[PDB]
Structures are given as C-alpha cells and as structure tokens.
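Structural overview for review
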Amino acid sequence: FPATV
Amino acid sequence: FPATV
Amino acid sequence: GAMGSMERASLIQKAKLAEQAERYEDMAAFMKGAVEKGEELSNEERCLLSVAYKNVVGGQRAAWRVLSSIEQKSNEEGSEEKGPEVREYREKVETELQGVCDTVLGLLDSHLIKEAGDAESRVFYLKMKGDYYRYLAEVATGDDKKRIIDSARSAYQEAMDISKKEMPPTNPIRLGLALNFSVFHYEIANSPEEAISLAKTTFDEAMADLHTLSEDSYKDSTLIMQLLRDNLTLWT
Amino acid sequence: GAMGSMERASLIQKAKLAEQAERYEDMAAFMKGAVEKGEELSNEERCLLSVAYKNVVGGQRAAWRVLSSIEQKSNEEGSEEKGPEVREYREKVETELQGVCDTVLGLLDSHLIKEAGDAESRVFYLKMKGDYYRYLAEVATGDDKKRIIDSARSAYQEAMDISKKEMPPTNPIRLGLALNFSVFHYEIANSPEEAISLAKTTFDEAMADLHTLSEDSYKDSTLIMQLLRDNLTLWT
Ligand SMILES: *SCCNC(=O)C(C)(C)Oc1ccc(Cl)cc1
Ligand SMILES: *SCCNC(=O)C(C)(C)Oc1ccc(Cl)cc1
Ligand SMILES: [Mg+2]
Ligand SMILES: [Mg+2]
C-alpha cells in the first residue's frame with residue numbers, strides 16, 4: 001500500500 | 001521477560 | 001458520554017499514557033471525550049486525536065483486507081462452499097470500521113471544523129474528513145458509493161485550496177494533505193495521472209522552499225517529502 | 001451469551017479467520033462462545049482457545065507494565081505530582097486484565113477441566129489455570145495475594161504430576177508446562193533455584209528422549225527445549 005499520514 | 005507458551 | 005465526568009486535562013493526560021502503552025482504542029476514547037468538552041484543540045491535541053483514530057482504523061482496514069482477500073478466493077471457480085461465515089465476519093469488521101469512521105466524521109462536523117479558523121487547524125481537520133470518507137469509500141459498494149467518494153474529494157479539495165493560499169509549500173500539514181489526496185486519486189478515484197502529478201508538483205515546490213527553513217523544520221518537511229517520493233517510485 | 005445463536009462450527013471457523021486477521025479479541029470471544037456450547041474441545045480447538053486469550057492478556061500485561069513503570073517513577077523523590085490519572089489508568093487496565101483472567105478461569109472451571117480425562121487435555125487446561133492465576137498474581141497486592149499465588153502453584157502442580165506419569169519427557173505440552181511453572185517459580189514465588197532446577201531437569205530429560213521421535217516431533221520438542229535453554233541463559 002502507498003504511504004499516508 | 002522470560003519465555004512462556 | 002462515558003467520559004463526560006472526566007476533566008478535559010485528565011483525558012488529554014490519559015490519551016498520552018494510552019499512546020505510550022500502545023492502547024489506541026483507549027487513546028481514541030479519551031480524545032473523543034476531550035473533543036466533546038466543546039473547546040477547540042491545540043496543535044498537539046489535534047495530533048493526539050488523529051494518531052489515536054489513525055491507529056484504530058488502520059488496524060481495522062488491515063483486518064478487512066485480510067478477510068476480503070479470503071472472501072474473494074472463496075468466490076473463485078473450484079473453491080469449496082464454506083458457508084456464509086467469511087462474508088459475515090468481513091461484514092462484522094466492516095461495520096465496526098464504518099462506525100469508527102462515522103464517529104470521527106461526527107466529531108469533525110460537531111463541531112471541530114466550524115470553529116477552526118486558522119489554516120493549521122482547518123486544513124488538518126478537512127484533511128481528516130477526506131481521510132475518513134476515503135476509508136468509507138474503500139469498503140463502499142451501495143447506492144451512495146459515488147457520493148462517499150465525492151465527499152472525500154470535496155473535503156480534500158477545500159483543504160488543498162486553503163493550504164495553497166495560507167501555508168508555505170514545505171508546511172508538513174500541506175505536504176501530508178497532498179500525500180493523502182494523491183493516494184485518494186490513485187486508489188479511490190481511478191486517477192493515477194492526477195495522483196502522480198500532484199505528488200510530483202508537491203515534492204518539487206517543497207524542494208524549492210527548503211532553503212528558508214531551520215534544521216528542525218527541514219527534518220520535518222523532508223520526512224513527508226520522502227513519502228511522496230516513495231509513492232512516486234511505487235507508481236512509476 | 002452474544003454467541004449463543006451462532007453454530008459451534010461457525011464459531012470455530014471465525015476464530016480461525018480472526019487469527020489470520022490478528023483480531024485476537026474477536027478470536028477469544030468466538031472461542032468463549034464455542035466453549036459455552038458445552039462440548040469438549042479437540043486438540044486444535046484447545047490451541048485456538050489458548051492462542052486467543054494468550055494474545056489478549058499478553059497485550060494487557062505489556063500495557064500494565066508500561067503504566068506501572070510510569071506510576072513507580074511518579075512516586076520517586078523529586079517527581080512532580082501529576083494527580084491521580086496514572087494510577088487511575090493503570091487501575092483501568094488492571095481491572096480489564098483481571099476480568100479476562102476471571103473469564104478464562106471461569107471457562108476452565110465451568111466445565112472444561114472436570115470433563116478432561118486424557119492427559120493431553122487435562123494437563124493443557126491445568127497449565128492454563130496456572131497461567132491465568134499467575135497473571136492475576138502479577139498484579140495482586142491485597143489480602144488474597146498469597147491465595148492467588150497458591151492457586152497458580154496448585155494448578156501447575158497437578159498438571160506436573162499428571163504430565164510426569166502420563167506423557168513422555170519430550171511431549172510439547174509437558175515441556176511448555178514445565179517452562180511456565182519454572183517462570184512461576186522465578187518471577188512469582190521468589191524461588192529462582194527451583195526455577196533453574198526445573199528448567200534444567202526438564203531440558204535434560206527431554207534431550208535423552210529425542211532419539212525416539214520422528215523428524216516432525218523432534219522439531220516440535222526442540223522448539224520448546226530451546227525456550228528452556230533461553231530462560232536458563234537469562235538466569236545464569
Ligand atoms: S499529528 C501526529 C504527529 N505527526 C506525525 O506523526 C508525522 C507523520 C511525523 O507528521 C505529520 C502528521 C500528519 C500530517 Cl497532516 C503532517 C505531518
Ligand atoms: S496451542 C498453540 C500452538 N502451539 C504453539 O504455538 C507452540 C508454542 C509452538 O507450541 C506449544 C504451545 C503450548 C504448549 Cl502447552 C506447548 C507447545
Ligand atoms: Mg456492509
Ligand atoms: Mg486493582
């Protein structure tokens with residue numbers, strides 16, 4: 001999965 | 001901590 | 001609420017303890033109680049709220065993905081009928097995830113967003129609103145799926161408009177909003193080109209502003225810039 | 001019980017799904033429902049029950065230790081009075097941990113142990129009874145602390161007596177019981193010499209029996225033997 005904050 | 005199962 | 005009798009300051013203190021103990025459900029319940037006191041949140045308190053719910057919903061999303069994968073394989077050709085149990089349990093986790101998202105969205109709508117006037121609070125809350133609609137969109141399949149997706153888009157877009165007018169390109173909240181809206185484009189909206197363009201333009205404009213920053217601000221901004229780069233590497 | 005309407009087989013199936021999804025609270029609730037159907041558990045089902053509750057209580061114990069350490073530091077000389085919040089939150093986690101232990105002990109007493117006649121079931125359940133009294137002992141401070149410690153000792157001792165009569169020295173349940181009873185001696189009963197003697201004698205007697213085993217049984221037994229060795233290395 002791609003990075004999120 | 002010591003190992004337990 | 002069960003936290004109605006506890007002092008605001010005590011709820012904040014216990015949220016910090018819960019974080020140290022990795023008790024994120026407790027942390028979220030304490031922060032919900034703090035929000036429900038009705039006062040605005042400080043920058044640190046907004047971070048406590050977001051960390052608590054991000055961890056709770058992140059665990060739910062990971063579990064939902066495991067169960068959804070099992071469910072998909074069970075519905076392939078040649079697979080044995082195992083009964084309704086996989087679907088039921090996936091639905092149970094999904095309903096709990098939706099409940100947490102609804103709770104966060106409820107705190108934002110009653111009444112965090114409407115009292116948030118500074119960019120650093122308002123952008124942060126609108127980003128959260130986009131995030132939690134995005135999590136609802138990840139599991140949505142019904143008549144309202146397009147409206148759920150559009151609710152996420154609309155919240156992210158309002159946050160973006162404010163962030164571009166009111167924050168420098170290196171502001172970590174501006175960067176994190178762009179990171180997540182870019183993921184929304186890629187994963188939710190079937191818009192990989194928009195996702196890539198947003199991540200690249202955000203990265204490049206931040207790069208050009210790093211020269212204005214102290215060493216500590218530089219560390220904060222480059223941390224999020226690396227996440228944009230990581231996603232770009234994944235997508236290209 | 002909330003699981004009263006779900007089929008036994010469906011509860012077992014969902015416990016396995018919950019394990020795959022690392023949803024150990026769900027796993028424990030499903031296994032509690034399965035136990036409450038009133039039928040005996042198979043070897044695999046006993047493992048599902050023990051894994052679920054071991055993970056739930058293990059997380060509670062880790063959190064309790066974090067909070068207890070903070071509480072101890074707060075009560076040192078020169079520390080600032082932070083109010084009752086650390087104690088309150090430690091007490092909250094402690095009460096939830098005690099509730100889970102009481103639940104497991106309740107399942108064992110109503111009525112798993114009394115219907116367990118084979119060594120592989122009875123030793124396993126009596127070991128669990130010792131384990132959950134041991135977890136209660138870790139947090140105990142009141143009038144009943146010595147009785148809690150003695151309840152753990154008594155359960156472990158009955159399990160040991162059966163295991164020595166009815167199981168080979170390499171049986172993994174016999175080995176795991178000895179491992180945990182040895183930890184009880186070291187951490188709970190202030191008996192490090194007994195802890196070391198038990199771990200060493202158990203290890204040596206298992207070593208001498210490995211020659212009787214298949215490759216797969218050898219792997220199972222040596223895995224637990226290495227844990228005995230690890231504890232001996234820690235303690236000597
Ligand atoms: S708000 C929680 C503290 N911040 C963080 O954990 C990191 C990821 C380092 O920074 C950001 C979090 C959220 C945003 Cl919107 C921006 C930076
Ligand atoms: S019962 C859960 C499956 N078993 C295990 O996870 C390991 C640790 C490999 O084996 C044992 C668990 C418990 C006992 Cl009492 C003995 C072995
Ligand atoms: Mg649903
Ligand atoms: Mg107490």
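Rules and cut-offs
Residues numbered from 1 in each chain as written, not as in the entry; some residues may be left out. Chains lettered and ligands numbered in written order. Heavy atoms only, no water. Helix = DSSP H or I, 4+ residues; strand = E, 2+ residues; numbered from the N terminus. Contact = heavy atoms within 4.5 Å. Least-squares fit on C-alpha atoms. Buried < 20%, exposed > 50% of the residue type's maximum accessible area, 1.4 Å probe, protein only. Near = heavy atom within 4 Å. Areas by Shrake-Rupley, 256 points an atom, 1.4 Å probe, with all protein chains shown as cover. Nonpolar A, V, L, I, M, F, W, Y, C, P; charged D, E, K, R; others polar. Buried area = accessible area lost by both parts, 1.4 Å probe. Salt bridge = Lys/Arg side-chain N within 4 Å of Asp/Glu carboxyl O. Polar contact = N/O pair within 3.5 Å; in protein donor to acceptor, adjacent residues only side chain to side chain. Axes fitted to C-alpha atoms, helices over the stretch in contact; angles between N-to-C directions. Parallel < 35°, antiparallel > 145°, perpendicular 65-115°, else oblique. Left-handed = near helix turned anticlockwise from the far one by under 90°. Core = buried A, V, L, I, M, F, W, Y, C linked by side-chain atoms within 4.5 Å.

Listed as the method for this PDB entry is X-ray crystallography; the listed resolution is 1.1000 Å.

Turning to the overall build of chain C, a few remarks are in order. Each helix and strand counted, chain C has nine helices and zero strands in total. Taken from the N to the C terminus, the helices and strands of chain C come in the order α-α-α-α-α-α-α-α-α. Projected onto its principal axes, the C-alpha positions of chain C cover 60 × 50 × 35 Å. Considering only contacts within chain C whose residues lie at least 6 apart along the sequence, 68% involve residues at least 24 apart.

What follows is about the relation of the copies chain D and chain C. Between chain D and chain C, the superposition needs a rotation of 180° and an axial shift of 0.0 Å, giving an RMSD of 0.0 Å. Such a combination of turn and shift is consistent with a two-fold rotation axis. Every residue of chain D has its C-alpha some distance from the rotation axis, and the shortest such distance is that of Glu25 of chain D, at 6.2 Å. Most of the interface of chain D is mirrored in chain C, where 100% of its interface residues again form contacts.

Considering the arrangement of structural elements, one finds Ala18 of chain D in helix 1 (residues 8-20). A relative accessible area of 0% places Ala18 of chain D in the buried class. Between the C-alpha atom of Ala18 of chain D and that of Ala52 of chain D, which follows or precedes it by 34 residues, the distance is 9.1 Å. Residues contacting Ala18 of chain D, with those up to four places away along its chain left out, are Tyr89 of chain C together with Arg23, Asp26, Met27 and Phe30 of chain D.

In the vicinity of ligand 1, the contacting residues are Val5 of chain A together with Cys47, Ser50, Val51, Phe124, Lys127, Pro172, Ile173, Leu223 and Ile224 of chain C. Looking at what sits near ligand 1, you find residues from chains A and C. With the chains in place, 68% of the 430 Å² that ligand 1 exposes on its own is no longer accessible. Per element, the largest residue contribution to the shell around ligand 1 is three residues, and it comes from helix 3 (residues 43-74) of chain C. When the residues that make up the shell around ligand 1 are grouped by side-chain class, the tally is eight nonpolar, one polar and one charged.

A few words now on the interface of chain B and chain D. Note on interface size: it is often stated as the accessible area lost on association of the parts. Across the contact, five residues belong to chain B and 15 residues belong to chain D. Summing both partners gives a buried area of about 780 Å² for chain B against chain D, and 62% of it is carried by carbon and sulfur. Across the chain B-chain D interface, the total number found is zero salt bridges. Within the side of chain B that touches chain D, the residues separate by chemical class into four nonpolar, one polar and no charged.

Time to look at the site of ligand 2. Neighbouring ligand 2 are the residues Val5 of chain B together with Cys47, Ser50, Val51, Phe124, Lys127, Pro172, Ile173, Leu223 and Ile224 of chain D. Within the complex, the protein chains bury 68% of what would otherwise be the 430 Å² of accessible surface of ligand 2. Breaking the shell around ligand 2 down by element, the ones donating at least two residues are helix 3 (43-74), helix 5 (119-139), helix 7 (172-188) and helix 9 (215-235) of chain D. Looking at which element gives the most residues to the shell around ligand 2, the answer is helix 3 of chain D, with three residues. Across the shell around ligand 2, the residue classes break down as eight nonpolar, one polar and one charged.

This part takes up the interface of chain D and chain C. If you look at the interface, chain D gives 23 residues, while chain C gives 23 residues. At the junction of chain D and chain C, the tally comes to four salt bridges. A salt bridge links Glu88 of chain C to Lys14 of chain D, with the shortest nitrogen-to-oxygen separation between them at 2.7 Å. Run the count over chain D and chain C and you get eight residue pairs in polar contact. Those elements giving two or more residues to the side of chain D that touches chain C turn out to be helix 1, helix 2 (24-35), helix 3 and helix 4 (85-112) of chain D. Counting residues per element, the side of chain D that touches chain C draws most heavily on helix 4 of chain D, at seven residues. Tallied by class, residues from the side of chain D that touches chain C come to eleven nonpolar, four polar and eight charged.

Interaxial distance between helix 4 (residues 85-112) of chain C and helix 1 of chain D falls to 10 Å at its minimum, and their mutual angle equals 55°. Relative to helix 1 of chain D, the element helix 4 of chain C lies oblique. Pair helix 4 of chain C / helix 1 of chain D crosses with right-handed handedness. Across the interface between the two elements, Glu85, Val86, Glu88 and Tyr89 of chain C from helix 4 of chain C touch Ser10, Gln13, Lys14, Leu17 and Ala18 of chain D from helix 1 of chain D. Counted by class, the contact of helix 4 of chain C with helix 1 of chain D contains four nonpolar, two polar and three charged residues.

Now for the side chain of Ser221 of chain D. Residues and elements named next belong to chain D. In this structure, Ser221 sits in helix 9. At 2.7 Å, the side chain of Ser221 forms a polar contact with the backbone oxygen of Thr170. Apart from the residues within four sequence positions on either side, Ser221 is in contact with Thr170, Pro172, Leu175, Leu210 and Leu213.

Counting residues in each nonpolar core, the largest one holds 129 residues, and the members touching the most others are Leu49, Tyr125 and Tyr132 of chain C together with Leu49, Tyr125 and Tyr132 of chain D. When neighbours within four sequence positions are excluded, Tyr125 of chain D is seen to be in contact with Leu41, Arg46, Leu108, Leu112, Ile113 and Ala116 of chain D.

Our focus in this paragraph is unusual backbone geometry. All names here are of chain C. Here the amide bond leading from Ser110 into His111 is cis, since omega sits at 5°, within 30 degrees of zero. Looking at where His111 falls in the secondary structure, it is placed in helix 4. Despite not being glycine, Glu22 has its phi angle at roughly 55°, a positive value. Note that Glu22 resides in the loop between helix 1 (8-20) and helix 2 (24-35). Owing to a relative accessible area of 61%, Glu22 belongs among the exposed residues under this scheme.

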